[PDB]
Amino acid sequence: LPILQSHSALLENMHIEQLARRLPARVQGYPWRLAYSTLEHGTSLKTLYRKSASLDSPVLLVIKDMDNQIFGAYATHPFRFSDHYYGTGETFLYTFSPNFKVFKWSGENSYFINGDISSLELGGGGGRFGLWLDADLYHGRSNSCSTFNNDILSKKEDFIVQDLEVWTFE
Amino acid sequence: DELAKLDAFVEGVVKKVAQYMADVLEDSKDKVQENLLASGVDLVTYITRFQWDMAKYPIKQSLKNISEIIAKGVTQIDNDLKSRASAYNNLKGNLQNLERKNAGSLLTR
Amino acid sequence: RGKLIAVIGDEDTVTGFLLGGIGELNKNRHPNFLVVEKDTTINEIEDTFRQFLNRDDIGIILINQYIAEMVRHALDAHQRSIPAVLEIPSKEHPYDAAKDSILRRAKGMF
Amino acid sequence: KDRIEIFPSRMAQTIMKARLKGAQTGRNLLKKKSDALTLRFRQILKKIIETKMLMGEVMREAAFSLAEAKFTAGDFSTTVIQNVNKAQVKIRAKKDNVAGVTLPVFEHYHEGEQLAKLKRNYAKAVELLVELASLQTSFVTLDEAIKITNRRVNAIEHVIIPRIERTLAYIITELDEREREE
Amino acid sequence: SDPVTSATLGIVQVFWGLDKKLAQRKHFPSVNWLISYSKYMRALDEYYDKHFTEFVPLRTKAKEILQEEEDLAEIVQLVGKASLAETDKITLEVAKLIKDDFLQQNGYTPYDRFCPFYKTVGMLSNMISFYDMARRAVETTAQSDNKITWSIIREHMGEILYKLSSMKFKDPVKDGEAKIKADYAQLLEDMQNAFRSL
């Protein structure tokens, strides 16, 4: 019943079980491949976009902060540099806090994913982001945004990435 | 015209992915045709109760862009069916060829 | 606008590459092909090959290798990169092997 | 000439040490340019001998198509030579860059079932040939630029740097003379 | 190398060196911006902070642009610009603008006999504002189906480049501080509107 992965490091089986119940029909019954990991490939946003640039299927983002909280997003499109917001309403944010919560689209706006040379972010609605990351994958921020109506995904609004992974279904 | 070609394509992908499920399940074509579902409801219920899925296909995009979103996903389902069907049929062929060498002449056995 | 492609061949690979849509005849009514019929004088397969080689409208020259070989003198003497001479194979005469005028640059390497 | 003719002084030392660091820097950048051009040249040589092993398929099939087609129809080549006019496959020149060398390349653009099979089986051949001439116009242009670059790397190493070093050794020798006279 | 120069640079807090290449090419004043120095730049820091606020970041970036161009110029002589990135074309072309239309100053004409420090800070503010916008437009359209270049900016913005290169021709004896500031602020608005329109 639990899914097949080609390796793993931030997720234990109880995280795999609870995520795999929620992923869309698009990606049910596919093995998970590790596209990027800070622990395998070194730590930078330019490396994350470089490893993602060949992809053409959805991705799961997993983050562990320095307070050990696990959170991230499921995103309908790979993380790429974009002039404007992109993605579709099957995108969601999630956290284990320590109980698993998932914040699917509110229907209010389509500000799902935005990538820049110096940051990656998800959500919108004023100055808010459900998840923002710096060029180093060192500082990030999470606050409630009206795209997802999310909680704070970390233990704090402002956080340090301990480590980060991007998985693709392929 | 572009939609008229795309309808004939996706109707074909629907007929292929339904037919190959009857080839896999084997038990009876009417029981398979009765046990087809979309969104976990009977197809007559699905069509009768239709509402556009905003999440999968965005309303506020152009008709052309929505058409291409539907075409890409259907093309993926077609390719992945072809891959999985080929990989499954190989086991079915090989297992039958071992059975054909339990059968046959004392020369071929 | 753009260049043409030109053809210097046995009659069957001038029906090939012509049922392929290559090649015109210009406003001066100069053609774009040559047909090495069996009684062709050896000068002819140079006389037109030099005309192609220093026209402006020809981008590629396609030559069946056995009649590049009849002019191996004039053909290896082309040092420029402007019209590219492809030594294609033929029918019953053997296919493209060694002896090609361009591959020879890599003498210690191919 | 053995030396650069500059008159001995601490100003002349400062200038000739600036030339020496200049030439030794120029040599290392030109050695990098020579390698980058040579890596592309040893790549497209593999593409050339690979593509020529597809001719031995697509011309065979085209030849068989022609035999079958002329066998079917009785004739074409008596008239499809004579029917030539303004015609539908041509070349646009186009460009690629390698370490600042510009390479010319070509781009193809386009203006009864046995005859249709023959039209496919020849059209798929001119798609090898317009590719292969892009590789051969690149290769012949890239070979020239490697030779010019390797000649500069050699001239800086064998001609230009030694003349600077002989000049710089003379200046130091003459400044010792002025000091001993003083 | 001289004993008088060697003794003097052991003492003085400011040195303005010449370049004989600038002198021979009739660029004036012929001051070498890569060997000159001032050791008063920390002492003046409170004066600039109180009276100007904007300037020290502009000066800092100007000295970076002029050193980056000196690093680029040694290499384009060997390999002929064909490998050069768009940000680096942007860097060469702003370094020229600074050299020719800010660092160059004719001392024998009414408009530039004396350049006041508001005229000086205003010109440099606009040239460094152009560099920020132009570099952002190029970088922010890398990894794109539509990509900006220096040539695209030049074709779109030739009248802004004309206004920028002409800022030196304001005469502070005819035109007051308020007029020169209003003209230079209108050129910032014209730049921002032109880049927003690109």
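Residues numbered from 1 in each chain as written, not as in the entry; some residues may be left out. Chains lettered and ligands numbered in written order. Part of a larger assembly, values for the part shown. Heavy atoms only, no water.

This deposited entry lists cryo-EM as its structure determination method and 3.0 Å as its resolution.

## With respect to the overall build of chain D
Rules: Strands here are runs of E lasting at least two residues and helices are runs of H or I lasting at least four, both read from the DSSP assignment and numbered beginning at the N terminus. The globule rule used here is 2.2 Å times the number of residues to the 0.38 power, and the radius of gyration it is set against is calculated over C-alpha atoms. Only protein chains enter the calculation, and the probe is 1.4 Å; a residue is then buried if its accessible area is under 20% of its type maximum, exposed if over 50%, and partly exposed in between. The method behind every accessible area is Shrake-Rupley, applied with a 1.4 Å probe, and residues are considered shielded solely by the protein chains displayed. A residue counts as positive if it is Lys or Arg and as negative if it is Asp or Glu; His and the chain ends are not included. Charge positions come from single atoms, namely NZ of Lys, CZ of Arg, CG of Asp or CD of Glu.
The helix and strand tally for chain D stands at two helices and two strands. Secondary structure elements of chain D occur, N-terminal to C-terminal, as α-β-β-α. Relative to the compact-globule value of 16 Å for 182 residues, chain D shows a C-alpha radius of gyration of 30 Å, a clear excess of over 25%. Each principal axis of the C-alpha distribution contributes one length, and for chain D these read about 105 × 30 × 20 Å. The buried share of chain D, taken over its 182 residues, is 37%. Here chain D displays about 11,300 Å² of accessible surface, and carbon together with sulfur accounts for 52% of that area. Taken as two groups, the 33 positive and 24 negative side-chain charges of chain D have centres that lie 3 Å from each other.

## Structural notes on the interface of chain A and chain B
What counts, and what does not: We call two residues contacting when some pair of their heavy atoms lies within 4.5 Å. We define buried area as the total accessible area lost by two parts upon association, computed with a 1.4 Å probe and summed across both. Definition used for salt bridges: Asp or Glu carboxyl oxygen within 4 Å of a side-chain nitrogen of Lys or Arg. Polar contacts, as counted here, are pairs of nitrogen or oxygen atoms within 3.5 Å of one another; within protein the pair requires one atom able to donate a hydrogen and one able to accept it, and residues that are adjacent in sequence qualify only if both atoms are side-chain atoms. Residue polarity follows a fixed list, in which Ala, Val, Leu, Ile, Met, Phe, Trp, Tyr, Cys and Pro are nonpolar, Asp, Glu, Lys and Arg are charged, and the others, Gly among them, are polar.
Each side of the interface is counted separately: chain A has eight residues, and chain B has eight residues. Both faces combined, the contact of chain A with chain B buries some 640 Å², and carbon together with sulfur accounts for 44% of it. Where chain A touches chain B, the interface holds one salt bridge. Between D56 of chain A and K72 of chain B there is a salt bridge, with its nearest N and O atoms 2.9 Å apart. In this assembly, chain A and chain B are joined by seven residue pairs in polar contact. For the side of chain A that touches chain B, the per-class residue count stands at two nonpolar, three polar and three charged.

## Digging into the pairing of strand β1 (residues 89–98) of chain D
Residues and elements named next belong to chain D. This is how the line gets drawn: Strand pairing follows a simple DSSP-based rule, namely that at least 2 bridges must link the two strands.
Summarising the sheet, β1 and strand β2 (residues 101–110) pair through 10 bridges and their orientation is antiparallel. When the bridges of β2 are listed, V98 appears paired with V101. Count of turn residues in the β1/β2 antiparallel hairpin: two residues, of which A99 carries a positive phi of about 50 degrees.

## Some thoughts on the sheet that holds strand β4 (residues 84–88) of chain C
Quick note on the threshold: A fitted line through C-alpha atoms represents every axis, and for helices the fit uses only the stretch in contact; the resulting angles, taken between N-to-C directions, go from 0 to 180 degrees.
On the basis of which strands lie adjacent, the open sheet formed by four strands has the order β2-β1-β3-β4 (chain C) and parallel pairing. The outermost strands of the open sheet, each flanked by one partner alone, are β2 (33–35) and β4 of chain C. Neighbour to neighbour, the strand axes of the sheet diverge by 15 degrees on average, direction disregarded. Running over the sheet, helix α2 (residues 113–181) of chain D touches β1 (4–9), β3 (58–64) and β4 of chain C and is turned about 125 degrees from β4 of chain C.

## A closer look at the interface of chain D and chain C
If you look at the interface, chain D gives 41 residues, while chain C gives 43 residues. Overall, the association of chain D and chain C removes approximately 3,800 Å² of surface from exposure, summing both partners, and the carbon and sulfur fraction of that is 73%. Remark: the boundary between chain D and chain C carries five salt bridges. In this structure, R105 of chain C and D143 of chain D form a salt bridge, with 2.8 Å as the shortest nitrogen-oxygen distance. Where chain D meets chain C, there are 13 residue pairs in polar contact. If you list the elements that add at least two residues to the side of chain D that touches chain C, you get α1 (10–73), β1, β2 and α2 of chain D. Counting residues per element, the side of chain D that touches chain C draws most heavily on α2 of chain D, at 15 residues. The residue inventory of the side of chain D that touches chain C, partitioned by class, reads 27 nonpolar, seven polar and seven charged.

## Comments concerning unusual backbone geometry
The step from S97 of chain A to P98 of chain A runs through a cis peptide bond, and the omega angle for that step is -5 degrees. By the secondary structure assignment, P98 of chain A is in the loop between β4 (92–96) and β5 (100–104). Looking along the chain, the bond that leaves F28 of chain E and enters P29 of chain E is cis, with omega of -10 degrees. Structurally, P29 of chain E is set in the loop between α2 (20–24) and β2 (37–38). With a phi close to 60 degrees, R29 of chain C is a non-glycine residue in the positive phi region. The class for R29 of chain C is exposed, based on a relative accessible area of 64%.

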